[PDB]
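Working notes for the structure below.
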Amino acid sequence: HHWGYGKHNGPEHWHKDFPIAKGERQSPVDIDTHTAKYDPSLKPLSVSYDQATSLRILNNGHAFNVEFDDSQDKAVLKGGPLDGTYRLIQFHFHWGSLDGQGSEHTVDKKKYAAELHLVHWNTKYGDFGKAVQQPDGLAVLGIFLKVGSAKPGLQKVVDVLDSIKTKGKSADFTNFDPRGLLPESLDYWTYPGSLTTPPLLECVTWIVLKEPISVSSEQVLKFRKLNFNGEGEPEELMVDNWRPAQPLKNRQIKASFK
Ligand SMILES: CCc1cc2c(cc1OS(N)(=O)=O)CC[C@@H]1[C@@H]2CC[C@]2(C)[C@@H](O)CC[C@@H]12
Ligand SMILES: [Zn+2]
C-alpha cells in the first residue's frame with residue numbers, strides 16, 4: 001500500500017508516511033500574481049541546454065522521466081535566484097484527466113492542463129542524491145501547458161510513449177533537445193519549496209515560468225494513455241498525477257518582471 005494519486009493513497013494520505021507533507025516549505029502553491037513581488041536584483045535566468053545529452057525515457061509508475069547524462073556540465077541552469085550552477089538531470093510532466101486540470105502550481109487559482117518540470121541539481125553537492133538532502137539542492141524549472149496549437153518539440157516524446165506504457169518500462173531516448181519545450185519568454189516567479197511527490201523533501205528552489213507553452217489536444221491525449229500499473233496488472237490510466245496547492249505559510253513569491 002504505497003503512495004499514489006488515488007482515493008486511498010493520494011495527497012491527503014501522504015503525511016502519514018511523510019510528515020514533512022505538513023511542513024513549512026511545501027510545493028506546489030498557488031501563485032497569487034497580484035501579491036508576488038517584483039525583485040529587481042533577480043538576475044536573468046540562464047538556461048544553457050545546447051550540449052544536453054538525453055539518454056532514456058522511463059515510466060516510473062507516477063510519471064515518465066526523460067533522463068540526461070549529468071556526469072559533466074552539459075546542460076545547466078544558472079542565474080535568476082540561484083547561486084552557482086545547477087545541472088539538468090531529467091524532466092517529467094504532471095497532467096490531468098481533462099484539459100481543465102493537471103498542473104501542480106496554479107496562477108490566481110487557474111489550473112493548466114499539464115506542467116513540465118525540468119529538474120536540476122546544485123553541482124556543489126557532487127551528485128543528485130546528496131543534493132536532495134540540502135535546502136538549496138535542486139532547482140526545478142516549471143512550465144505550464146495549455147491546450148491549443150501543437151508543440152512540435154514535444155512530438156518526439158509523445159511518439160515514444162507507446163513503448164513505455166506501463167510502470168518500469170524504459171526506452172532509449174537519445175538526442176532529444178529540451179530547448180524545443182521552452183516558451184519565448186523566461187519571465188518567472190520563484191519561491192523556496194519541495195518535491196511535489198513523496199518523500200516531499202524541502203530541497204527545491206522553484207522557478208515557474210509565466211508564459212505557458214501550447215500543446216495540442218492529441219498530444220495531451222497521448223499522455224493520458226499511459227498506465228500507473230505494471231504490465232499484467234489491472235489497467236489504471238496515468239492521469240491526475242498532480243498534488244494540489246499547499247499553504248504558502250511564511251513564504252513570499254518573487255517575480256522577475258513587472
Ligand atoms: C525533483 C524531481 C523529483 C525527484 C524525486 C521525486 C520527485 C520528483 O518530482 S518533482 N515533481 O520534481 O518533485 C520523488 C522520488 C525521489 C526523487 C528524489 C531522489 C529520491 C529522494 C531518492 O533518494 C529517494 C526517493 C527519490
Ligand atoms: Zn514534478
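Ordering of the C-alpha cells sets the chain letters (A, B, ...), residue numbers begin anew at 1 in every chain, and ligands are numbered from 1 in the order given.
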
12 Å from ligand 2 is the threshold here; counting only C-alpha atoms and all ligand atoms, which polymer residues fall inside it? Answer as an mmCIF file with N, CA and C atoms, in the first residue's frame.
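Saved the output as selection.cif:
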data_model
loop_
_atom_site.group_PDB
_atom_site.id
_atom_site.type_symbol
_atom_site.label_atom_id
_atom_site.label_comp_id
_atom_site.auth_asym_id
_atom_site.auth_seq_id
_atom_site.Cartn_x
_atom_site.Cartn_y
_atom_site.Cartn_z
ATOM 1 N N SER A 27 5.418 22.252 -1.648
ATOM 2 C CA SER A 27 5.027 22.588 -3.007
ATOM 3 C C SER A 27 4.015 21.554 -3.512
ATOM 4 N N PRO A 28 3.199 21.925 -4.516
ATOM 5 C CA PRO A 28 3.154 23.234 -5.167
ATOM 6 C C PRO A 28 2.389 24.267 -4.362
ATOM 7 N N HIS A 62 4.512 6.883 -11.636
ATOM 8 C CA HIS A 62 3.695 8.089 -11.380
ATOM 9 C C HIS A 62 3.841 9.156 -12.430
ATOM 10 N N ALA A 63 4.891 9.075 -13.219
ATOM 11 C CA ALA A 63 5.058 9.980 -14.350
ATOM 12 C C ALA A 63 5.997 9.289 -15.339
ATOM 13 N N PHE A 64 6.398 9.971 -16.400
ATOM 14 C CA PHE A 64 7.518 9.466 -17.200
ATOM 15 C C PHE A 64 8.658 10.486 -17.146
ATOM 16 N N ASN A 65 9.892 9.985 -17.003
ATOM 17 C CA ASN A 65 11.059 10.849 -16.911
ATOM 18 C C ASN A 65 11.903 10.678 -18.159
ATOM 19 N N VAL A 66 12.270 11.792 -18.774
ATOM 20 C CA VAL A 66 13.324 11.817 -19.781
ATOM 21 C C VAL A 66 14.626 12.147 -19.027
ATOM 22 N N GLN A 90 16.822 15.454 -15.384
ATOM 23 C CA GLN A 90 15.675 14.822 -16.022
ATOM 24 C C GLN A 90 14.589 15.849 -16.170
ATOM 25 N N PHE A 91 13.615 15.557 -17.033
ATOM 26 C CA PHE A 91 12.358 16.262 -16.972
ATOM 27 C C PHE A 91 11.199 15.262 -16.976
ATOM 28 N N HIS A 92 10.054 15.748 -16.492
ATOM 29 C CA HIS A 92 8.836 14.969 -16.474
ATOM 30 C C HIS A 92 7.667 15.954 -16.467
ATOM 31 N N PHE A 93 6.465 15.395 -16.517
ATOM 32 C CA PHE A 93 5.233 16.184 -16.516
ATOM 33 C C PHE A 93 4.269 15.661 -15.470
ATOM 34 N N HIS A 94 3.296 16.523 -15.163
ATOM 35 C CA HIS A 94 2.093 16.184 -14.419
ATOM 36 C C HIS A 94 0.934 16.634 -15.280
ATOM 37 N N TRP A 95 -0.136 15.863 -15.307
ATOM 38 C CA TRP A 95 -1.259 16.223 -16.172
ATOM 39 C C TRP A 95 -2.560 15.676 -15.617
ATOM 40 N N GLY A 102 -4.592 19.561 -14.116
ATOM 41 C CA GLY A 102 -3.394 18.811 -14.371
ATOM 42 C C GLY A 102 -2.138 19.466 -13.857
ATOM 43 N N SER A 103 -2.103 20.794 -13.795
ATOM 44 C CA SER A 103 -0.922 21.442 -13.264
ATOM 45 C C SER A 103 -0.909 21.307 -11.748
ATOM 46 N N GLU A 104 0.295 21.442 -11.215
ATOM 47 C CA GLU A 104 0.529 21.412 -9.764
ATOM 48 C C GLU A 104 0.461 22.831 -9.196
ATOM 49 N N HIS A 105 1.316 23.697 -9.695
ATOM 50 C CA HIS A 105 1.151 25.128 -9.430
ATOM 51 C C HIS A 105 -0.092 25.630 -10.112
ATOM 52 N N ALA A 114 -1.407 20.787 -17.896
ATOM 53 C CA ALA A 114 -0.248 19.991 -17.505
ATOM 54 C C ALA A 114 0.835 20.970 -17.064
ATOM 55 N N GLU A 115 1.889 20.397 -16.475
ATOM 56 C CA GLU A 115 3.047 21.149 -16.013
ATOM 57 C C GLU A 115 4.290 20.279 -16.226
ATOM 58 N N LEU A 116 5.256 20.897 -16.904
ATOM 59 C CA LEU A 116 6.587 20.358 -17.132
ATOM 60 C C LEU A 116 7.523 20.794 -16.046
ATOM 61 N N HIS A 117 8.257 19.810 -15.541
ATOM 62 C CA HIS A 117 9.302 20.026 -14.530
ATOM 63 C C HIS A 117 10.677 19.619 -15.061
ATOM 64 N N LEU A 118 11.554 20.622 -15.287
ATOM 65 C CA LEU A 118 12.973 20.393 -15.665
ATOM 66 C C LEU A 118 13.787 20.454 -14.391
ATOM 67 N N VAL A 119 14.341 19.306 -14.020
ATOM 68 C CA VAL A 119 14.986 19.124 -12.715
ATOM 69 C C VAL A 119 16.488 19.262 -12.813
ATOM 70 N N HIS A 120 17.040 20.128 -11.961
ATOM 71 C CA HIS A 120 18.487 20.382 -11.948
ATOM 72 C C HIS A 120 19.013 20.277 -10.520
ATOM 73 N N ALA A 139 17.032 22.875 -8.312
ATOM 74 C CA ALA A 139 16.275 23.948 -8.939
ATOM 75 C C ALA A 139 15.413 23.291 -9.968
ATOM 76 N N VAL A 140 14.105 23.513 -9.843
ATOM 77 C CA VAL A 140 13.157 22.931 -10.781
ATOM 78 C C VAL A 140 12.508 24.067 -11.554
ATOM 79 N N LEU A 141 12.683 24.015 -12.870
ATOM 80 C CA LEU A 141 12.055 24.954 -13.798
ATOM 81 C C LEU A 141 10.679 24.357 -14.187
ATOM 82 N N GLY A 142 9.628 25.056 -13.796
ATOM 83 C CA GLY A 142 8.248 24.652 -14.062
ATOM 84 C C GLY A 142 7.644 25.443 -15.190
ATOM 85 N N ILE A 143 7.030 24.739 -16.139
ATOM 86 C CA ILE A 143 6.473 25.369 -17.332
ATOM 87 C C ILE A 143 5.051 24.819 -17.518
ATOM 88 N N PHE A 144 4.082 25.718 -17.610
ATOM 89 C CA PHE A 144 2.701 25.315 -17.762
ATOM 90 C C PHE A 144 2.429 24.921 -19.211
ATOM 91 N N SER A 194 9.533 22.407 -2.243
ATOM 92 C CA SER A 194 9.773 20.985 -2.017
ATOM 93 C C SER A 194 9.580 20.120 -3.258
ATOM 94 N N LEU A 195 9.976 18.860 -3.187
ATOM 95 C CA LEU A 195 9.465 17.873 -4.125
ATOM 96 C C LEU A 195 7.937 17.850 -3.990
ATOM 97 N N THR A 196 7.232 17.595 -5.076
ATOM 98 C CA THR A 196 5.778 17.527 -5.036
ATOM 99 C C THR A 196 5.254 16.122 -4.928
ATOM 100 N N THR A 197 6.133 15.127 -4.835
ATOM 101 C CA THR A 197 5.709 13.778 -4.510
ATOM 102 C C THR A 197 6.517 13.297 -3.318
ATOM 103 N N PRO A 198 6.004 12.283 -2.617
ATOM 104 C CA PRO A 198 6.828 11.681 -1.556
ATOM 105 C C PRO A 198 8.225 11.377 -2.100
ATOM 106 N N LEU A 200 8.779 14.291 -0.535
ATOM 107 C CA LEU A 200 8.384 15.667 -0.246
ATOM 108 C C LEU A 200 9.486 16.497 0.393
ATOM 109 N N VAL A 204 14.041 22.297 -2.815
ATOM 110 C CA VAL A 204 13.851 22.846 -4.165
ATOM 111 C C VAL A 204 13.699 24.350 -4.168
ATOM 112 N N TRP A 206 12.085 26.673 -6.595
ATOM 113 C CA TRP A 206 11.147 26.635 -7.721
ATOM 114 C C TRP A 206 11.264 27.886 -8.553
ATOM 115 N N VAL A 208 9.144 29.177 -11.795
ATOM 116 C CA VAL A 208 7.966 28.860 -12.600
ATOM 117 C C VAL A 208 7.782 29.946 -13.646
ATOM 118 N N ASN A 241 -2.003 12.975 -11.979
ATOM 119 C CA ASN A 241 -0.813 12.742 -11.177
ATOM 120 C C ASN A 241 -0.210 14.042 -10.660
ATOM 121 N N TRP A 242 -1.053 14.916 -10.134
ATOM 122 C CA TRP A 242 -0.697 16.220 -9.584
ATOM 123 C C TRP A 242 -1.105 16.332 -8.120
ATOM 124 N N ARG A 243 -0.251 16.991 -7.341
ATOM 125 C CA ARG A 243 -0.554 17.362 -5.961
ATOM 126 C C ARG A 243 -1.229 18.731 -5.972
#

- Query: Out of range 10-222 of chain A, which residues get helix (DSSP H, G or I) from DSSP, as an MDAnalysis selection string?
  - Reply: chainID A and resid 14:17 19:22 123:125 128:131 152:164 178:181 217:222

- Message: Please compute the CA of residue 16 in chain A-CA of residue 199 in chain A distance, one decimal, in Å.
- Response: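 About the pair CA of residue 16 in chain A and CA of residue 199 in chain A: they are 11.1 Å apart.
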
Taking the DSSP secondary structure from the backbone, can you list the residues of range 190-240 of chain A that are strand (DSSP E or B), as a short mmCIF file (atom, residue, chain, number, x, y, z; two decimals) with N, CA, C and O atoms, in the first residue's frame?
data_model
loop_
_atom_site.label_atom_id
_atom_site.label_comp_id
_atom_site.auth_asym_id
_atom_site.auth_seq_id
_atom_site.Cartn_x
_atom_site.Cartn_y
_atom_site.Cartn_z
N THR A 190 9.51 32.88 -8.44
CA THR A 190 10.38 31.95 -7.70
C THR A 190 10.07 31.96 -6.21
O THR A 190 9.69 32.99 -5.65
N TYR A 191 10.18 30.79 -5.59
CA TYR A 191 9.96 30.65 -4.16
C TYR A 191 10.65 29.36 -3.70
O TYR A 191 10.93 28.47 -4.50
N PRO A 192 10.93 29.24 -2.40
CA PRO A 192 11.51 28.02 -1.85
C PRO A 192 10.45 27.00 -1.54
O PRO A 192 9.45 27.30 -0.88
N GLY A 193 10.66 25.78 -2.00
CA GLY A 193 9.70 24.73 -1.74
C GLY A 193 10.28 23.35 -1.70
O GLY A 193 11.38 23.13 -1.18
N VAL A 204 14.04 22.30 -2.82
CA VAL A 204 13.85 22.85 -4.17
C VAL A 204 13.70 24.35 -4.17
O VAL A 204 12.85 24.91 -3.47
N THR A 205 14.47 25.03 -5.01
CA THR A 205 14.19 26.40 -5.43
C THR A 205 13.35 26.27 -6.69
O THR A 205 13.81 25.75 -7.72
N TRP A 206 12.09 26.67 -6.60
CA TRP A 206 11.15 26.64 -7.72
C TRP A 206 11.26 27.89 -8.55
O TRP A 206 11.29 29.00 -8.02
N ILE A 207 11.32 27.68 -9.86
CA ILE A 207 11.35 28.78 -10.83
C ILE A 207 10.25 28.43 -11.83
O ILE A 207 10.36 27.46 -12.57
N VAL A 208 9.14 29.18 -11.80
CA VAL A 208 7.97 28.86 -12.60
C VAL A 208 7.78 29.95 -13.65
O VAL A 208 7.67 31.11 -13.32
N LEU A 209 7.85 29.54 -14.91
CA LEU A 209 7.71 30.49 -16.00
C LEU A 209 6.27 31.02 -16.13
O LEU A 209 5.29 30.31 -15.98
N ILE A 213 3.45 27.02 -22.53
CA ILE A 213 3.57 26.51 -23.89
C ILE A 213 2.23 25.93 -24.27
O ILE A 213 1.48 25.49 -23.41
N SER A 214 1.92 25.95 -25.55
CA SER A 214 0.70 25.32 -26.05
C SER A 214 1.05 23.95 -26.60
O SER A 214 2.06 23.81 -27.33
N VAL A 215 0.23 22.97 -26.26
CA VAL A 215 0.32 21.63 -26.84
C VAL A 215 -1.04 21.27 -27.42
O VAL A 215 -2.03 21.86 -27.03
N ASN A 227 -0.10 4.21 -18.31
CA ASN A 227 -0.62 3.47 -17.16
C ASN A 227 0.22 3.68 -15.90
O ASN A 227 1.45 3.68 -15.96
N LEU A 237 -5.32 4.23 -15.80
CA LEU A 237 -4.73 5.28 -16.60
C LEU A 237 -3.95 6.25 -15.74
O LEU A 237 -4.37 6.68 -14.67
#

- Query: Of the candidates A:202, A:99, A:184, A:73, which one gets nearest to residue 133 in chain A if we count only C-alpha atoms?
  - Reply: A:202
